[PDB]
Amino acid sequence: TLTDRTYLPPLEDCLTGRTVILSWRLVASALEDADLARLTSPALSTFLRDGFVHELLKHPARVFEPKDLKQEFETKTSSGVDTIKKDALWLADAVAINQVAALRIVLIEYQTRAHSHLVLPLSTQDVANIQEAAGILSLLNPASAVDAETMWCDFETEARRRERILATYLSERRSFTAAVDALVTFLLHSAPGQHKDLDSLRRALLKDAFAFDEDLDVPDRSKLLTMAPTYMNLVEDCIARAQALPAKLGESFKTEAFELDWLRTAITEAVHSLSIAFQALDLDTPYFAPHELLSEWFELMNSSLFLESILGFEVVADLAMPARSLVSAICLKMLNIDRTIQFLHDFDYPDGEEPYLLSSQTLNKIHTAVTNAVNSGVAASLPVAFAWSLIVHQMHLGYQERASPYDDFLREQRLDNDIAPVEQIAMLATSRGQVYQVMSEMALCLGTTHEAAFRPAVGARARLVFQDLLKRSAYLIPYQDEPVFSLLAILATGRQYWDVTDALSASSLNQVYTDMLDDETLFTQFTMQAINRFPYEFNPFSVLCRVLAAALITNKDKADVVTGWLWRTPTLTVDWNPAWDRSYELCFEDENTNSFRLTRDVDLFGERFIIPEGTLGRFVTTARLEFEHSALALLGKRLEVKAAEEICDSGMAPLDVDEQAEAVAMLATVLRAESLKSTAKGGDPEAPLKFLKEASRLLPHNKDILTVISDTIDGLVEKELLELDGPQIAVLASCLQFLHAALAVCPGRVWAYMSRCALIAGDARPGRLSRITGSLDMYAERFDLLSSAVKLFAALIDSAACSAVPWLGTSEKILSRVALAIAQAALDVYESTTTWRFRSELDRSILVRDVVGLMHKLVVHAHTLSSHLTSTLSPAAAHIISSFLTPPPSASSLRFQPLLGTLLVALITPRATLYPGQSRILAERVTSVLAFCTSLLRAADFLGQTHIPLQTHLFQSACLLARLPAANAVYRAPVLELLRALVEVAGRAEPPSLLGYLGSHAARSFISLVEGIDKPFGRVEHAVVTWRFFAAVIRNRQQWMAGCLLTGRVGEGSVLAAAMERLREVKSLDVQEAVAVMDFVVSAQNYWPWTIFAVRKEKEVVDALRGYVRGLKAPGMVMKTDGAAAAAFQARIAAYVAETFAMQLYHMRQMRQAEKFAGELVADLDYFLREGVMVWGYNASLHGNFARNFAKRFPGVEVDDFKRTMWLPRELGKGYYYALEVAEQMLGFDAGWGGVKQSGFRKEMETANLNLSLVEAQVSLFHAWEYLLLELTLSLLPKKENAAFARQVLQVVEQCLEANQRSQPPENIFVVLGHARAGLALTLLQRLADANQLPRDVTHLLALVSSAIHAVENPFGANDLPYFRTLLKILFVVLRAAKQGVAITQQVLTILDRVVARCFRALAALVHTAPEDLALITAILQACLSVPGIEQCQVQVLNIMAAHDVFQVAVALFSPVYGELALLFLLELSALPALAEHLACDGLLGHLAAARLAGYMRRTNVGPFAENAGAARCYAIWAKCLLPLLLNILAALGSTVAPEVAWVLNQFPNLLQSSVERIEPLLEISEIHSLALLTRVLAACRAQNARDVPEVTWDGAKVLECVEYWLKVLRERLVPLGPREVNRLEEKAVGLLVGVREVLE
Amino acid sequence: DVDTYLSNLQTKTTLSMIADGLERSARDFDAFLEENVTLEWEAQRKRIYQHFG
């Protein structure tokens, strides 16, 4: 019941792309990098947890075995398939593999054609671009290059396709081998402290495959130890294929390149098989292996000549050396010298397995194999031959003492009588330490340092055999410098100073290091001897202490061993000075030992180091002294004496230059280890301080070890750096490393020294670091200096970044100057590195990585914050920015060629499963380069840079980054982030066409490669990165790329194809990725709607249902329930969904298909009504509490100082406003940030950031819902579903009015809400009044508006004018709606008493902007005086309206838009009878006849269409406002005011003439009616008396004829100019005519 | 339908076209207030006429 359902998914998914095969390429990378996300992904988890994959990896011979699988092949290929089937059949016929494996490989190659095409040579356009960028860097091949058309036409050929298929087959074999090796390694030597998911997966895989359960006291090792022969037998077929290529393969393909590729693949497979076998063997170290397999393996090795026949070529040396090393390692492992000698001498059975010593045939075979290997003249057999010689010597010694089965072997080959052959073999192996040299080389290739060919654990487990061999060959071989240096090179492996970390690992890795102290042999033969030979032999003891301190950082059991050995050294050994000949005497105790005792009181260095009289000593023939002392103090004193340039004839000899370098290096390593272990829990914080105090002991009180290093540096830098020997450069590098180490515990003195180091732009004295530039050769001796100086500078910058704090003796100016000098030095190094010639590429790669990381940390630290905390490095950051963004035109390419060369070397590097150190170093270098490019892009975007000369080079750099990911998948997310940053920079600055730099074929390949959003794994980080990249590329002016990415060449396999598949499962998908998916959707819709909306409508049945589901089951208050950080994510998702629905409804309305969709969506606004316009979820209480708690504990640093400078896109998480990524390291130096049980300031800051993100999401949802409801108000015009619509509108308005009164958010963090949410309710009420569907419930709605108007501070004329205007319009519409509907008079009189009067008085006082505000106030008063409740409260409101005496100020302002508005205001005031008569009083006629407007009124230019603006304005003011006011004042009392109106008429007859002459064969009909009513009333009055009304000055005949001749032709002169947004006037005209007929007839 | 939709389409962000609703409402508010004051004056004249009789 073990099928390939998950191993080989159906062909339909592989072709359609619904499920990409989890090829071994990806699995090998995940197991090699130990990535948590990928290893814990559902796809890979299910793939590995399957029993089929377990059986396959436990029997790799079955994966590619020859067998009749025609049935399975035909069943799979049935239910572009013809070509796949043909290729699979051809591959199965050529190679002996099964048809299923061939089909799987062909499918994998088909799915990975993008990489195979991008790893091809570049076209001519790219070569031209590179040559133009270059103005070293010539590693590319420009001579050999063709166009893209010829390259693509040749790619689709048959021969090239078959060659690429074979290459992919070999690559997949290598990837499978590497993946199974890494899996076995991780399952056997799993590191502790890993994630719970990793441990669970490991235990599950073990229980499923090998039943290896950790809970059982004795797990089943059978299935784990049975893996050795499975690979030892496959090695046979591997070497057979290596020595003979497939015969059935076509001869045309058997070319030199193909033969070399096949040989390299076979070598890699053999190496991986040997590594897996070595792991399976060392899993059970003490017990022996089955001799039945060792005999066969030795026979195979004898037949194959230790793979020297296939490795004999000179073109596979890189792969041959590690192959030979691993062969020697596995040979020494199977020999098991440690247990072999124990069994020989002790004669004690292992009780675990029968050893090969009981079979004489196996011994004879091993002996003849070793003899043949030694006779063939091969170096790989040196260690194995030496081990076999030692074994034979021990067996002969045992036989002679006895004189059992080994006797047959000893006697058959004649070795019984003579020991000449093995003796000669050992002699020729030890001659000139050839065996030791080859062992050191193998260890270097099988070590932990980056130079190793395998992973750190692989080398740690491989060094065990060599260490055991040296242990068993130490007792027989006398102590000599050669084996000492061999063991040193094996253990240390020349590791770098910065290659030491406190990362806790499994005890298996540290076993190789602890064995030195566990076994008595390696402790009494090397450790004790190395300690005794000191300082005479300084290098062994130094390297031993260094490696031990680097290894035992986390081992608390042996954490004080190095400190103890350094502070309480048991013995001393130093060269003898002839001056001391008269200061000793031989005791004549033992002549062989040569013992003696001091007779005089020797005073060394004449507190100070003094030795007491009577100390014993031994002359080792230099002498050993048995005296207890602290070697650290003596070493410090010697270093001080050497730096002082003082020599003492009567004292000990000075340390050598190399010895001094090694001393300073070991001191720096020990100090770093102490500082790293002190921070860890359980240690002591006084470890580095105590170490420094002990080092500065018995030294001059004035100076310390730091002063000694300072003097040494000053001495070395005295002369120019160019003339310095290797030893001096090494001493300088060690001094820099020691300064780096001391930077942690004592930053103050380090900064004080760097301020006057005189090495980086210090002064005009020769010795500066910038004078080492030019076209020089930076070998290992000259590279160790800069590689350490750059890292020291990076550490100095990191320490200076923590400006929130030990620091006695520093200042802001000093740190600023030091940082500026460091930046200048780093820039000089970056500009000069483009000319040096390094012995290898790894050195230059590490240097570039270090300098780029330093520059990136400098740049990000400057813009990450905007407070004074980032002012120390501000000058350096500004200098770096000005130098990398606007460099001079002469030195512009010198700063750009390094990155171009780095990218070229990265994209032209061959992929190899070995040498993981170099691979990870190159990966980190590329990541740092891309991060630095992104930082430069963001810096250019910021500060307002209009001309970016770096963009021209970044385009051609992206031209290469488009193909670079093909070499490594890790470069996917960083390259996409760099492209996103470049697109963002190009947006805020059409831009240069990116398709011209990428290319048609290259661009299509990149699109087809990136369309998959982490399909094989499905991670969240890379997914969000890809979605943001797509959104940025679509938002910019990029059209061709956007089209090729959306359409896919509707869409069938484009990005939207997977975007929809992810959107249809948001109910279970991570909310984090949902935000990015929705952002991509919105970015594709707003810029490319015709495609996205079309595809969504064609598939809306899957999206609308999911949207409704999300909306219905989206609670409002999610904080109370389970979940705190997910609230902001859910709010953001809801906001995006609302925005998308609004855009879709807008498009449908534009297409007139938004009725049914809107009607169905309106029923899903529950979450909106719950948590929409309401922004009261700010919780200012906790924010204020946190601010107070931070200001009380940190008086200097404020909470607002951590505000981002908008340099990076603010993530909607725990770092929206407060910079947490930097705070974690800036405030984690003192107690208070960590807190117990995950408490303190960190949790509160995270909660505050989550609240801010939630508020931002709420504002986004508010905008989305505003747009949606604004469009729906127009869409939902008819009379249907009005109840729910009105309820929702009223609820939204009430929530807005309540939020306006409740606690407001800050103005510096978010945007001011004033005037932002008022127009929303304004337009809502406007449209609802236009529809006339209000429940006249203003009795309570006006309370909030009144409270807001009262608590607004009265900004009638302040800067916040829009807010006042929108509030006025809102209250206007509210009181108008109320008028349509008593308990309302007492609630509405407040605005008539306190609001309108106060605002009018303020406006009149300010006017001494104003016109529109006064008109709005006039309209407000007019609409408010029409409420029915006021018709009865006239007597009550008379007093509150006359208390202010607004009539006086109105008439004053009237004495010309201001006059018109004042006239309208007094008119609306006269609407009441009391106010009507008050205004009709004599107070009016006075100013009416004395007004200055009479000057213009008397002029004959008055008219409605007069060319003069003033004349028309006055005519309008008189026609629209004066006549209604006259009628109103007359309604009160006409008999008394008749003389006044008669005089006003007969005094200004021009208006009457213009009114009666304009109309010949509307606002003028109202004038006609007013004149008719006035005539009627004055005639009725004159009917009694004759004194008043002397002349009527009005004609009836003309008016009668006019009204007769004006009752379709009427539209001749009807051109409304004012109203143009809405049958309208004819009704009013006929009504006025009927009124005139009623009053006149 | 799709043919005409693509023919009469303009290359510009969609969120800017829908924003025209705010401007349209602001421009129609003037005419709305004008009609309001006009009908208010009409009602005032009607009540005055009913009072005179």
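If you check the header, you'll see the entry was determined by cryo-EM and the resolution is listed as 2.39 Å.

Looking at the PDB entry, chain B carries the name Nucleoporin NIC96, with the source organism given as Chaetomium thermophilum.

Chain A carries the name Nucleoporin NUP188 in the PDB entry, which gives Chaetomium thermophilum as its organism. UniProt, in the comment section headed Function, describes chain A in these words: "Functions as a component of the nuclear pore complex (NPC). NPC components, collectively referred to as nucleoporins (NUPs), can play the role of both NPC structural components and of docking or interaction partners for transiently associated nuclear transport factors. NUP188 probably plays an important role in NPC assembly and organization."

Peer 1: Help me out: how do you make sense of the packing of helix α18 (residues 291-304) of chain A against helix α22 (residues 360-376) of chain A in this one?
Peer 2: The geometry of a pair of packed helices is captured by two quantities: the angle between their axes and the separation between those axes. Residue and element names in this part refer to chain A. Two elements in contact, α18 and α22, have axes separated by 9 Å at closest approach and are oriented at 25 degrees. As far as their axial angle goes, α22 and α18 are roughly parallel. Relative to α22, the crossing made by α18 is left-handed. Contacts between α18 and α22 involve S295, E296, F298, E299 and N302 from the first element and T362, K365, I366, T368, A369 and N372 from the second. The residue inventory of the contact of α18 with α22, partitioned by class, reads 3 nonpolar, 5 polar and 3 charged.

Peer 1: Help me understand the sheet that holds strand β4 (residues 616-618) of chain A in this model?
Peer 2: Whether parallel or antiparallel, the strands of a sheet pair through hydrogen bonds between backbone atoms. Residues and elements named next belong to chain A. Across the sheet, which stays open at both edges, the 5 strands sit in the order β1-β5-β4-β3-β2 with antiparallel pairing between neighbours. A strand with exactly one partner marks an edge of an open sheet, and here the two such strands are β1 (572-574) and β2 (585-586). In this sheet, strand β3 (residues 595-597) lies alongside β2 in antiparallel orientation, the contact comprising 2 bridges. Directly across from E585, in β3, lies its bridge partner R597.

Peer 1: Quick question: what am I supposed to make of the pattern of salt bridges here?
Peer 2: Think of it this way: side chains of opposite charge can pair up when their charged atoms draw near. As enumerated under the stated definition, the model contains 57 salt bridges over all chains in all. Close ionic contact of A:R963 with A:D126 constitutes a salt bridge, the shortest N to O distance being 2.6 Å. Comparing A:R963 with A:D126 shows no difference in burial state: the two are buried. With a closest N to O distance of 3.9 Å, A:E1431 and B:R47 form a salt bridge. Remark: B:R47 occurs in helix α3 (residues 20-52) and A:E1431 occurs in the loop between α66 (1410-1424) and α67 (1434-1442); the pair is interchain, linking two chains. The partly exposed category is assigned to A:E1431, whose relative accessible area is 43%. Relative accessible area serves as the criterion here: at 32%, B:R47 is assigned to the partly exposed category.

Peer 1: What's the story with unusual backbone geometry in this structure? I'm lost.
Peer 2: All names here are of chain A. In this structure, the amide linkage connecting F534 to the following residue, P535, adopts the cis form with an omega of 0 degrees. As for its position among the elements, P535 is in the loop between α30 (520-532) and α31 (538-551). We note that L137 has phi near 65 degrees; this positive angle belongs to a residue other than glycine. Positionally, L137 belongs in the loop between α11 (124-133) and α12 (148-155). Among the residues examined, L137 registers a relative accessible area of 16% and is labelled buried. Within the chain, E1281 stands out as a residue other than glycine whose phi angle is a positive 40 degrees. Relative to the helices and strands, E1281 resides in the loop between α60 (1241-1275) and α61 (1282-1301). Judged by its relative accessible area of 33%, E1281 is partly exposed.

Peer 1: Looking at this structure, how should I read the environment of A:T3?
Peer 2: Residue and element names in this part refer to chain A. With respect to the helices and strands, the residue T3 is situated in the segment before α1 (11-16). The exposure class of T3 is partly exposed, given its relative accessible area of 39%. Taking the C-alpha atoms as reference points, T3 and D50, separated by 47 residues in sequence, lie 9.3 Å from one another. Non-local contacts of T3, meaning those with residues more than four positions away in its chain, are made with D50 and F52. One polar contact links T3 to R5, side chain to side chain, over a distance of 3.5 Å.

Peer 1: I would appreciate a short explanation of a nonpolar patch on the surface in the present structure.
Peer 2: All names here are of chain A. On the surface, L1562, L1563, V1609, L1610, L1614 and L1625 cluster together into a nonpolar patch covering about 500 Å² of accessible area. Structurally, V1609 can be placed in the loop between α77 (1597-1605) and α78 (1626-1640). The exposure class of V1609 is exposed, given its relative accessible area of 63%.

Peer 1: Hey, could you run me through the side chain of A:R161 in this one?
Peer 2: Residues and elements named next belong to chain A. Residue position: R161 is located in helix α13 (residues 158-188). A residue is classified by how much of its surface remains accessible, and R161, at 13% relative accessible area, is buried. Those residues in contact with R161, other than ones at most four positions away along the chain, are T83 and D87.

Peer 1: How should the packing of aromatic side chains be read in this particular structure?
Peer 2: For any pair of aromatic rings, geometry is given as the distance between the ring centres together with the angle between the planes. All names here are of chain A. On inspection of all chains with the given rule, the structure shows 42 aromatic pairs over all chains. Taking 6.0 Å as the distance between ring centres and 75 degrees as the angle between the ring planes, the aromatic pair formed by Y584 and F596 counts as edge-to-face. With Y584 in the loop between β1 and β2 and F596 in strand β3, this residue pair connects regions lying 12 residues apart in the sequence. Given the relative accessible area of 33%, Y584 is considered partly exposed. Its relative accessible area of 6% is what places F596 among the buried residues. Between the NZ or CZ atom of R162 and the centre of the ring of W90, over which it lies, the distance is 4.5 Å.

Peer 1: I would appreciate a short explanation of α78(A) in the present structure.
Peer 2: In this model, α78(A) (15 residues) spans 21 Å end to end at C-alpha, consistent with the 21 Å of a helix rising 1.5 Å per residue. When we look at burial in α78(A), the residues that qualify are A:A1629, A:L1632, A:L1633, A:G1635, A:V1636 and A:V1639. For α78(A), the buried positions fall inside an angular range of 160 degrees around the axis, keeping them on one side. The outward face of α78(A), more than 90 degrees from its buried face, is lined by the exposed residues A:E1627 and A:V1634. Lining the buried residues of α78(A) we find α76 (1563-1582) of chain A together with α3 of chain B.

Peer 1: Can you help me understand the packing of α11(A) against helix α45 (residues 950-961) of chain A in this one?
Peer 2: Residue and element names in this part refer to chain A. Taken N-terminus to C-terminus, the directions of α11 and α45 make an angle of 140 degrees; their axes are 10 Å apart at the nearest point. By the angle between their directions, the pair α11 and α45 is classed as oblique. Where α11 crosses over α45, the handedness of that crossing is left-handed. Across the interface between the two elements, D126, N129, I130 and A133 of α11 pack against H953, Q956, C959 and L960 of α45.

Peer 1: Would you mind going over helix α17 (residues 256-282) of chain A with me for this structure?
Peer 2: An α-helix turns once every 3.6 residues. As a result, residues three or four positions apart point the same way. Taking 1.5 Å of rise per residue, the 27 residues of α17(A) would be expected to cover 39 Å, and the 39 Å separating its terminal C-alpha atoms lies within 8% of that figure. Here α17(A) lies mainly inside the structure; 21 of its 27 residues are buried.

Peer 1: Help me out: how do you make sense of the side chain of A:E308 in this one?
Peer 2: Residue and element names in this part refer to chain A. In this structure, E308 sits in helix α19 (residues 308-311). With a relative accessible area of 9%, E308 lands in the buried category. At 2.6 Å, the side chain of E308 and the side chain of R324 are in polar contact.

Peer 1: Please clarify how the domain arrangement of chain A should be interpreted in this entry.
Peer 2: Quoted interface sizes are often the accessible area lost when the parts come together. Taken domain by domain, chain A holds domain 1 (1-121 + 158-225), domain 2 (282-494), domain 3 (495-716), domain 4 (771-1097), domain 5 (1099-1263 + 1274-1281) and domain 6 (1513-1641). Placing the centre of domain 3 of chain A and that of domain 6 of chain A at their C-alpha centroids yields a distance of 119 Å.

Peer 1: Can you help me understand the environment of A:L759 in this one?
Peer 2: Residues and elements named next belong to chain A. Assignment of secondary structure puts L759 in the loop between α38 (747-754) and α39 (780-801). In this structure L759 comes out as buried when scored by relative accessible area, which is 7%. Expressed as a C-alpha distance, the spacing of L759 and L769, which sit 10 residues apart in the sequence, is 5.5 Å. Filtering out sequence-adjacent residues up to four positions away, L759 remains in contact with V717, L721, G767, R768 and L769.

Basis of the calculations
Residues numbered from 1 in each chain as written, not as in the entry; some residues may be left out. Chains lettered and ligands numbered in written order. Heavy atoms only, no water. UniProt positions renumbered as here; feature names shortened; annotations may be inferred. Axes fitted to C-alpha atoms, helices over the stretch in contact; angles between N-to-C directions. Helix = DSSP H or I, 4+ residues; strand = E, 2+ residues; numbered from the N terminus. Parallel < 35°, antiparallel > 145°, perpendicular 65-115°, else oblique. Left-handed = near helix turned anticlockwise from the far one by under 90°. Contact = heavy atoms within 4.5 Å. Nonpolar A, V, L, I, M, F, W, Y, C, P; charged D, E, K, R; others polar. Pairing = 2+ DSSP bridges. Salt bridge = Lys/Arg side-chain N within 4 Å of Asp/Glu carboxyl O. Buried < 20%, exposed > 50% of the residue type's maximum accessible area, 1.4 Å probe, protein only. Polar contact = N/O pair within 3.5 Å; in protein donor to acceptor, adjacent residues only side chain to side chain. Patch = residues over 30% accessible without salt bridge, like charges linked within 9 Å, V, L, I, M, F, W, Y side chains within 5 Å. Areas by Shrake-Rupley, 256 points an atom, 1.4 Å probe, with all protein chains shown as cover. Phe/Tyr/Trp six-rings, centres within 6.5 Å; stacked < 30°, edge-to-face > 60°. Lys NZ or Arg CZ within 6 Å of the ring centre and 35° of its normal. Expected span 1.5 Å × (residues − 1). Arc of directions from axis to C-beta. Domains from an automatic or database assignment.

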